[PDB]
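# Compute the structure for the input listed below.
(chains A, B, C, D, E, F, G, H, I, J, K and L, ligands or ions: 4)
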Amino acid sequence: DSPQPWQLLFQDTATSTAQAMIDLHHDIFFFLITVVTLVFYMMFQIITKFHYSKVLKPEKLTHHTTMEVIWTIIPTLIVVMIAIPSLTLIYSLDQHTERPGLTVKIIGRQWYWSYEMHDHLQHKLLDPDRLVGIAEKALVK
Amino acid sequence: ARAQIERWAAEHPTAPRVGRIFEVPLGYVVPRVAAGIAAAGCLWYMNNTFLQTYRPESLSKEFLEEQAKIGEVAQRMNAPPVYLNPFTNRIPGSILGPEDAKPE
Amino acid sequence: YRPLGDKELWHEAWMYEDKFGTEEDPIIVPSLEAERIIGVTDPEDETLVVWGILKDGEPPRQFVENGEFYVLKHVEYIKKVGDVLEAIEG
Amino acid sequence: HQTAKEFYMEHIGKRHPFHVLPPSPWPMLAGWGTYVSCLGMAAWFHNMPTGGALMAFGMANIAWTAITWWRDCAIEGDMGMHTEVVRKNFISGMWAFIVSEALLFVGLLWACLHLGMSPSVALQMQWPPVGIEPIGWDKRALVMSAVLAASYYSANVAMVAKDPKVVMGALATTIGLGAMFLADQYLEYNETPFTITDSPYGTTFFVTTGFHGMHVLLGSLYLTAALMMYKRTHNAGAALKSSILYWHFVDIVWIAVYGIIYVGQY
Amino acid sequence: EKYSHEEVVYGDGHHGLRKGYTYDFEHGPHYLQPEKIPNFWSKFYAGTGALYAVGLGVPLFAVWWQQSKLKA
Amino acid sequence: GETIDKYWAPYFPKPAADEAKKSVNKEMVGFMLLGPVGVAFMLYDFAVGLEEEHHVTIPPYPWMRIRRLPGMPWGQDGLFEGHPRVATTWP
Amino acid sequence: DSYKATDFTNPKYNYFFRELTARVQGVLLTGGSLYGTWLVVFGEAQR
Amino acid sequence: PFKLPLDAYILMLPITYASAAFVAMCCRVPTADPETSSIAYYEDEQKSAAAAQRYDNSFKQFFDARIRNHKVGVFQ
Amino acid sequence: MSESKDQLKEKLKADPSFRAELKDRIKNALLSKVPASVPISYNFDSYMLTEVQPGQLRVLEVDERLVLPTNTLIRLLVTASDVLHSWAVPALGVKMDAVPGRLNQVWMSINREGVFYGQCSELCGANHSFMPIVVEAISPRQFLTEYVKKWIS
Amino acid sequence: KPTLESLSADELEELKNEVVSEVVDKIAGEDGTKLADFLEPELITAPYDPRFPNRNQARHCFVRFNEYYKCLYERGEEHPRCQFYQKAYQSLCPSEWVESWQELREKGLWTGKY
Amino acid sequence: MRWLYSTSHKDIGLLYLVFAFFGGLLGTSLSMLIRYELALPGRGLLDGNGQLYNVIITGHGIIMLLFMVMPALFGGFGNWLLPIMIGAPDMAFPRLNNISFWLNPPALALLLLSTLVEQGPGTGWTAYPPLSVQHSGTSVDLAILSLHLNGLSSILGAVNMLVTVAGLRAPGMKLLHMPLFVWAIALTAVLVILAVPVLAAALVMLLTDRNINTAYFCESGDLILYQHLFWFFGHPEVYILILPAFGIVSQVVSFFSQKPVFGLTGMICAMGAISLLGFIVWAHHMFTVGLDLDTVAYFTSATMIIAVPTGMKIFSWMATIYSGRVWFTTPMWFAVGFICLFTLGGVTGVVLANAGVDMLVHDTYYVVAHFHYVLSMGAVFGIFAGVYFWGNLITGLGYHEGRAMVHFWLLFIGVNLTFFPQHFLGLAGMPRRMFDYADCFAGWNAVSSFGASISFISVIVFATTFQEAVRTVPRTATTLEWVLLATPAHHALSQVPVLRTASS
Amino acid sequence: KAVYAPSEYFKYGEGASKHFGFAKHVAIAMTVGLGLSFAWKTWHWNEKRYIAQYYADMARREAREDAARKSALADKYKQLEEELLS
Ligand code: HEA
Ligand code: HEA
Ligand SMILES: [Cu+2]
Ligand SMILES: [Mg+2]
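Numbering: from 1, shown residues only, chains lettered A, B, ... in the order given. Ligands and ions are numbered 1, 2, ... in the order given. What follows is the structure:
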């Protein structure tokens, strides 16, 4: 609703769409945490274990086809695993499969918002057949 | 690959090669970055103290205490008031506002 | 000399020599000055390049491991191979 | 000076076939001429007095600096400083400049395709807008296409000929055909029943055809300058080839311009 | 002479120190010899200080200029 | 006589007389396919130029004669425009 | 024996093209640049 | 120039997928609803609605059965 | 006269088809007692409050809110008049740019009541920082029985 | 007295109307200010047109605004489809756009046929 | 006369380096006013002026983007290091290289003059209409003409670079033996030539809309068209500014590990894939403008593909450090810092690619924290990695290692404490391009303004690192600029070196 | 006696990577990353459980007002029933 001091994550939600967006963000963050942990831990271990006080002279390692294919193919699977829910979320933004109940024409000016509406209000007798039967038994006697 | 290393180490003699990861000792680095952080803090404090042309009335202690009396509550012009952000402040779903609660 | 087809006529061969420079028979590099930079690839890897400097009046020098030996020689003209000696076609 | 040529032959010319230039004053003067002309252009947009004269002054200085730069390049060609690989590099640079001008025209025609295809409610969703009488393809524009195709083929003659009289006559025919493309575009700009201020159709038409006409004028002047170097020594080298390449680029650009604006009514 | 095409093409065949250089930048072994400008470390710090002064004070002048036009 | 061009010329051979004339006539066929007819119609066009007239006045639609800034940098009317069409005094 | 009075690249025209212009243009750019800066910074736009 | 290694074709599969999708998206725009230079396109209500629903359903109909099941996240 | 009225009542007693037909006639006559359709319309502006009071939020508070019922499909048409703007309410997950000439639609369904704050999210000039958005969300019965009567002329 | 065995259809219809009306005026009222507890409110907005599937809906506004004047020219002034078109464009078009379009129509600067 | 009439590439590159340092100083000065207005709620030193704040952020963004990183990486290290690295005696067009540099001071002068004319150009660095068109005066025209001059400069420089790499290589050296900095500069030149003229056309349309009363982006035009053209330029623009940083990091990491670069062809292919994908993903900046859901769908799916080549480049750098003999120096810490901290800048880009998540964080400080991770910590660390690496060769001056480590730690601390709290501000909904904010956003704003002062102090400390050098004699190296003397001659490579392929 | 190039590299395996254990360190890194990611996802799942319980209790409340609304409507119907029967 409103932001809070020392806040880290998103605000609270009032629609299912925004909660779906936040859940998608946290699902992406699931993969990002593992990616960053692997990079940072491997960088630390490579830094400490290959300092020149440990290493007399380096090794010749220019290519490794298996590891190259592995770190090419694992992130692409992560990309396609992320993409299909995001594609589903993009296409679910249109929700015109109900009867619309309200129109609001929002106009942005310098420097105030302006709000408009033009609808029609009509009334309908709530469950008239009970009243129809009441009139039936009021006219039969 | 080794000869360019030894050449760069001769044109940069102040860079030490002693057998440790942080070759420059921390007794040199920590006091100077501490002094730089202190100078940055002095500049930040000077900006906060002497470089403001309007301090908002919503940050005065009277406003703050009168706000802390109310809490995270929003008024409505067409309805009873409502607790703001009910998920992070753990309001249960039965309770919508302060006035509609009417505590037992 | 290596096959001069698909070689530019001004590339100054000695680089296109048919010899592997040994200690007892180095490859003689011609130069217009007393020192010159040349580039030698790794015999076991085409992608790796080591650039070295040869000096006039020096012993044979090897740049990469298991590579050719080289001796610089100061000359006043370098044969611009492609119209200097294949026009001779000796 | 007499040992300057000796020093050049001893240290640069006999060692590699590439060209090393002495220090030059024209880049700095061209840059500050752009500064002066930009100030004049900005003052001329908003009707500041003595602003158009300042813009013309800066443009005249840029033109003079470029003319003297190109005269220096022509002098350096005539004294045999350029080998064959240098001239190949000249054609390579012309190809890169052609690619940049091509993407400029791609960005220009992107606007025509966007604005013409989906008219908006501000236009009462009618393309072309009511009142606008568009220029037809069955008229003077077809004559322009014929003349510019003839200019393409005549410039193609001078690329392959070995008789100098044939080359000079073909170049003069190409230049004269290019001048008739511009003198008739002026007649379109005078007879057209709309303005650059009348609708996005008039806007896109005038901006795109004006950029094309400016490129035609630049190509015609470049072909004229390449001919006089051939009228003197019966040799032009990269000046003939690059001007022919630029002219063929202008010809190819006209195909897209005609087929998007004149035929597609965009 | 002095305006020949050879002057345009090959430059002017000057040898040695140009005007006020202490080293031959064109034909010596180094194009930049910073240990041979007299009073180098003074002019270097003066130029660095002037560069820092201009690069840190031009935006403040622009702030002062616009705010002095409203305060009129 | 000792230019860099002549010095490096034997190392850059030209890639190999009547074949030039054959190529010239081959391109000249495509030249006269469109050459004289385009010039003839353009010379006809230069004499049928500013003589015809249009009196089709156009009402001032919102997309016609946009004047976000008043006037033009060179005057009131547009450039190259001697006969303004949009109507003034729109009845 | 390879230059005429009509030739644009005549060496007798080298002073006018490469030396006189490099100072006339060098002072005209300054005299136009200062006026343009004054005209833009201290000028009133009429459109 | 050099021999492309085994990674670059695993690169070229989604790159070719993206290029094909870009070409398809560029192509299908002048065969859509609002790209009509007339007000008389919409006076035929049957064809206009049919064309617009065809433009709606394509590439969305592959997602309707998971839109209805709230498959909007990697986990549930 | 009056027995024929009583005979019509007896035919209501007797014939089920006549009974259902006169029941339908009663239903048709009761629908003529229902009030006709009336238009609900407004046109008001929303300005930021310069001075706030405790319980309100600085910068984010407006003078006239936007009242929207919950559990209802609402079509919001976002546009602008002079420059670009953006209508962003982070609680509802809505952020769509206001473009002069366009009419961007959002479909939105609010799950709960509350008050939701937002600001403009497109740079529009000197006072881009001072165009906040507040949405007041009430139940549909309150909106349909109380709030809309404020706009009936 | 004309009994039910001798009455015609029109007199029976009038008698049915009198019998219904005399009691429903007691039940609901002569005007209907007694049904307020049994009345359900409902708000009417412009429906989703399948012709306009994109997010920009300015063409939907413009098409409905033109269809209203087409209905007004063709099928009279008070035909129900004309009020459907009127209440559909008023539900979508901003009022500034509408007043601009009527002043364009008044000036003579409208490109429509009718 | 030497520094005004130069035709040598080493002088023009050094002029670019100094001009980039001046642009960095101007932008750092403009960036302290932003963080000093934004330290506290209310009205700070700008006296409640919003037009002036918009002018300040516009000028700061344009200067730090175009006049700092671009002349340092492309014009600076590229012009100095390209012909030495490939073995060319000079550039292909040495007087075109000078007008490439000399169109940059008129552009910077016009941009700085636009701030003093009328009320200034308060538009943002993107300059969206009709806000750019509504501005009365002359300042917006000066800013856009500055953009034109800078774009023409970059096009001419790319033309010279592309003809130099193609046609002036050393004999025996094919496009396999060039180091990765040359490949990065060449692909950058290709991107510049393809992308900048689109911006030139868009700005010509903007000029005609402002001044000629045309109808490109107006009432009867289309305002989304400008965003289309501008971001079709602008997303290749941010890969122009980052590929030379990849090349520099490859050279630095390879040097001090005593190892060649892991997966050379994979590195070149990853750079080429990044270059190609940068032209088809541009409408990820336009998720909230009202595009159809299929366009949004494609641009969401295509933008996430760029992660795979970058991940291969990062893992290849880590494999280059792997199994080596590594000596950690000051340029080495600026490259390890690049690898560890560009990852934090790319993972949030993956989040921003997904358009559902982007509906919440568009035009918030989450975006700002992302693009200050990839620019202030990817490009600036690349610039500073090469200053302590090639500085004694380029300028002739050594540096003190202790003060350089002090400067590195100050910059590293000051940027991890300025923009890491800007993530939490953007997730909670604080908008961009605003100077007065809500009362609850005060803590992270205070922390970020504390970090900016540490950054400014590290800018000051950098001037004290220079000292006199020690000059030695070279014998062997793996790249051609580490067999030269420091500084090299005015005509370096007096004899053109050749690459001899052995009998193998 | 000539100038020899020195042995500059070991072959990959007999130098200082034989004691590294690459797969072990990758397994440790993936274990730590997966543990942190599962902690984050456990927190998110707990928050979603709270949101679901909130909306369930809100629906439990919302059913109660509208039952007493229709009961009041039926009471008014029972009054109008005897209004036309008295
Ligand atoms: C090149 C990219 C770049 C860099 C390096 C920076 C650096 C910094 N920036 Fe930012 N910034 C932008 C690009 C950059 N920025 C852009 C594009 C915008 C948007 C403008 C718009 O909206 O129109 C922006 C706006 C922006 C905002 C958002 C304001 C708003 O939304 O209104 C903030 C807020 O914190 C900020 C702060 C900082 C700080 C504290 C630094 C610190 O890092 C301070 C800088 C410190 C340095 C050390 C860098 C200087 C480098 C050198 C001096 C090296 C030169 C050396 C040689 C050449 C040898 N800048
Ligand atoms: C240095 C320049 C630079 C670079 C390199 C990038 C790189 C990327 N950027 Fe960004 N960006 C900007 C500069 C840059 N950006 C600027 C200036 C803006 C704001 C413009 C403005 O409005 O002012 C911006 C804004 C911006 C937006 C628009 C948001 C908005 O304004 O609303 C988006 C959306 O897709 C985006 C995404 C990306 C992605 C996916 C990458 C990718 O290239 C990053 C790839 C790297 C990684 C992903 C990490 C490495 C990968 C691994 C370690 C493997 C593991 C990964 C996976 C398993 C997925 N950035
Ligand atoms: Cu981007
Ligand atoms: Mg935005």
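
# How about residues contacting stretch K:344-352?
A:25, A:28-29, A:32, A:35-36, A:82, K:284, K:304, K:307, K:310, K:357-358, K:361, K:366-367, K:369-371, K:373-374, K:377-378, K:423 (C-beta atoms under 8 Å, 6 or more residues apart in numbering or on different chains). C-beta coordinates here come from the backbone N, C-alpha and C atoms, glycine included.

# is it anywhere near ligand 2?
Yes - using C-beta under 6 Å from any ligand atom, stretch K:344-352 reaches ligand 2 at K:346, K:347, K:349, K:350, K:352.

# okay if I get these as TSV plus distance to ligand 1, secondary structure and neighbour count?
Formatted as TSV, the residues of stretch K:344-352 next to ligand 2 follow (distance: C-beta to the nearest ligand atom, whole Å; DSSP: H, G, I helix; E, B strand; the rest coil; neighbours: other C-beta atoms under 10 Å in any protein chain shown):
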residue	distance to ligand 1	secondary structure	neighbour count
K:346	16	helix	19
K:347	19	helix	20
K:349	15	helix	19
K:350	20	helix	23
K:352	15	helix	19
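
# Show me which of the residues you listed is closest to chain J.
Nearest to chain J among the residues of stretch K:344-352 next to ligand 2: residue K:352, at 20.8 Å, using C-beta to the nearest C-beta.

# any idea how far residue E:55 is from residue K:380?
16 Å (C-beta to C-beta, to the nearest Å).

# now swap in residue K:151 and tell me
Applying C-beta to C-beta to residue K:151 and residue K:380 gives a distance of 23 Å.

# Then residue D:149?
For residue D:149 relative to residue K:380 (C-beta to C-beta), the value is 54 Å.

# and what of residue H:2?
32 Å.

# Repeat that for residue D:19.
Distance of residue D:19 to residue K:380, given as C-beta to C-beta: 37 Å.

# ok, now residue K:269?
27 Å.

# could you point out the longest helix in chain F?
helix F:18-45 (DSSP state H).

# again with chain A
Longest among the helix segments of chain A by residue count, using DSSP H, is helix A:16-49.

# I figured residue G:22 was touching residue D:28, is that so?
No - using C-beta atoms under 8 Å, residue G:22 makes no contact with residue D:28, being 10.0 Å away.

# more crowded one of these two?
Set residue G:22 next to residue D:28 and count neighbours by other C-beta atoms under 10 Å in any protein chain shown: residue D:28 wins out with 20 against 15.

# three-state assignment of the residue in chain C that chain J sits nearest to?
As assessed by C-beta to the nearest C-beta, chain J sits closest to residue C:47 within chain C, at 52.3 Å. Following DSSP: H, G, I helix; E, B strand; the rest coil, the label given to residue C:47 is strand.

# same check, this time on residue A:122
Assigned by three-state DSSP, the conformation of residue A:122 is strand.

# Leaving out chain neighbours, which residue sits closest to it?
residue I:37 (4.2 Å; C-beta to C-beta, 6 or more residues apart in numbering or on different chains).

# Now for that neighbour, how many residues are close by?
Quick note: residue I:37 (other C-beta under 10 Å) scores 15 neighbours.

# residues in contact with it?
A:120, A:121, A:122, J:44 are the contacts of residue I:37 under C-beta under 8 Å, 6+ apart.

# try residue J:98
Taking C-beta under 8 Å, 6+ apart as the criterion, residue J:98 is in contact with J:65, J:89, J:90.

# The first one and ligand 2, how far apart?
Which is residue J:65. Residue J:65 sits 35 Å away from ligand 2, taking C-beta to the nearest ligand atom, to the nearest Å as the criterion.

# do the same with residue D:208
29 Å.

# do the same with residue F:87
Where ligand 2 is concerned, residue F:87 sits at a distance of 45 Å (C-beta to the nearest ligand atom).

# Might one say that that residue is in contact with residue F:64?
No - using C-beta under 8 Å, residue F:87 is not in contact with residue F:64, being 9.5 Å away.

# Quick check: chain neighbours aside, which residue is closest to the spatially most central residue of chain H?
Centroid-nearest residue in chain H: residue H:59, 5.2 Å away (criterion: C-alpha atoms, centre = their mean). Distances taken as C-beta to C-beta, 6+ apart place residue K:294 nearest to residue H:59, at 5.6 Å, with adjacent residues excluded.
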